[PDB]
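Notes follow once the structure below has been shown.
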Amino acid sequence: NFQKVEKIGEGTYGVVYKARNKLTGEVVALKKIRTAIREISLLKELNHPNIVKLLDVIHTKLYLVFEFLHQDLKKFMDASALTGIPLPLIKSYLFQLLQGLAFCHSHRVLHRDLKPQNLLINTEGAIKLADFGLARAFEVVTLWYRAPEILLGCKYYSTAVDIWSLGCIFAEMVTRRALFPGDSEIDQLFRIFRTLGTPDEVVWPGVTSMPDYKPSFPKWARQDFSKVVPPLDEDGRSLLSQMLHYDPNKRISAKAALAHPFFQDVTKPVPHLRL
Ligand SMILES: CCc1cnn2c(NCc3ccc[n+](O)c3)cc(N3CCCC[C@H]3CCO)nc12
Ligand SMILES: O=C(O)c1cc([N+](=O)[O-])ccc1NCCc1c[nH]c2ccccc12
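Per the deposited numbering: the sequence shown = residues 3 to 36, 47 to 72, 75 to 152, 162 to 298.
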């Protein structure tokens, strides 16, 4: 084979290896997965600083060669759990991720499975989206970041599902605890309901006609964001509240989120990375 190879983890659609090109010496990441071959390959020339670069596509069964990043945000959050990630770095990372989402959404590409392990960081302060759910689009599953319209059975969900996931990640960076740590689809939905209130037609028109909506759902009252992400200042809570709107049509877009006052003082700090 063309590479020398070491496992780094499991994406949603296949296993990921750190590897060195035998002839070139390039250090890269290889994802092994298992027409569509087409639109994936366009993504080689659609590049953004906050999206992981796809280097090559190879089919026998399907290999994807990516640039290599040195840490993922789950490991970085775990490493930072005793002290917390500094607010300026949280804010820089959120801003960068919204830039990546604005870009891919503007090209009508959804991610669909944002989670801390899929967000990759380097020593220079960048963070990049990875592990796009693009294989269906063209070992226990984590539901903690799933938008409620997905859980309620919406077939044709939108770019808003990514804003929801990013909102959950934002909250988790701030509080150092997962916002909605469910272990089943209904447990995930009811954890969301218990925190944000059971949605109704007032806050989410059409929710009661969603495929998996049940009139027998318990009706929980909404608690206040002061309780949900206490340390976060009012600008951060306002932005988070707009990222976690039940109605996908009221939920803030990535482009709109970038203009939120929370980012008026955004900067690009350097993380303390132990590699
Ligand atoms: C795009 C392919 C890729 C490139 N770098 N990289 C990294 N680098 C960080 C890193 C390096 C060395 C050891 N560790 O533990 C982390 C991790 C990672 N992933 C996290 C773990 C689950 C699989 C996979 C998901 C997201 O692609 N995927 C990638
Ligand atoms: O990230 C993955 O694992 C992944 C998986 C599959 N797949 O499984 O078919 C396909 C593509 C993937 N990444 C592409 C990253 C990418 C480069 N330029 C872009 C421009 C817009 C949106 C995204 C990108």
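Just so it is clear, CB atoms sit at the ideal spot from N, CA and C, and this is done for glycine as well.
- A distance criterion of 7 Å places the beta-carbon of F82 beyond contact range of ligand 2, judged by its closest non-hydrogen atom.
- Remark: the shortest separation between the CB of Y77 and any heavy atom of ligand 2 does not fall under 7 Å.
- Taking C-beta separations shorter than 8 Å and ignoring five residues to either side along the sequence, the partners of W167 in its chain run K129, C191, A201, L202, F203, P204, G205, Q211, following chain order.
- Annotated three-state conformation of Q85 is strand, per DSSP.
- DSSP lists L143 as the bridge partner or partners of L133.
- Within the DSSP bridge table, the entry for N23 names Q5 as partners.
- When secondary structure is reduced to three states using DSSP, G229 falls in the coil class, being assigned neither helix nor strand.
- By DSSP's assignment, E51 forms no beta bridge with any residue.
- Membership of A277 in the alpha helix (DSSP H) is indicated by the continuous run 277-281.
- In this structure, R169 is the residue among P284, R169, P254 with its C-alpha nearest to the C-alpha of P271.
- A contact between stretches requires three or more CB pairs, one per stretch, nearer than 8 Å, and the segment 125-143 fails this requirement with the segment 219-229.
- Put simply, the backbone Cα of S249 is about 26 Å away from that of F90.
- Taking a contact to require three or more Cβ pairs closer than 8 Å, the segment 171-191 and the segment 269-289 qualify as touching.
- In the structure shown, the three-state DSSP call for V293 is coil.
- The shortest C-alpha to C-alpha distance from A244 to any of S261, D235, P222 is the one to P222.
- Residue burial annotation: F80 is buried, with at least 16 other C-beta atoms found within 10 angstroms of its C-beta.
- With respect to the C-alpha of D235, the residue from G176, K278, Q85 having the closest C-alpha is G176.
- Rounded to whole angstroms, the Cβ separation of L263 and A280 is 10 Å, and the two are not in contact under 8 Å.
- Taken through DSSP and simplified to helix, strand or coil, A201 comes out as coil.
- DSSP lists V17, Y77 as the beta-bridge partner residues of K34.
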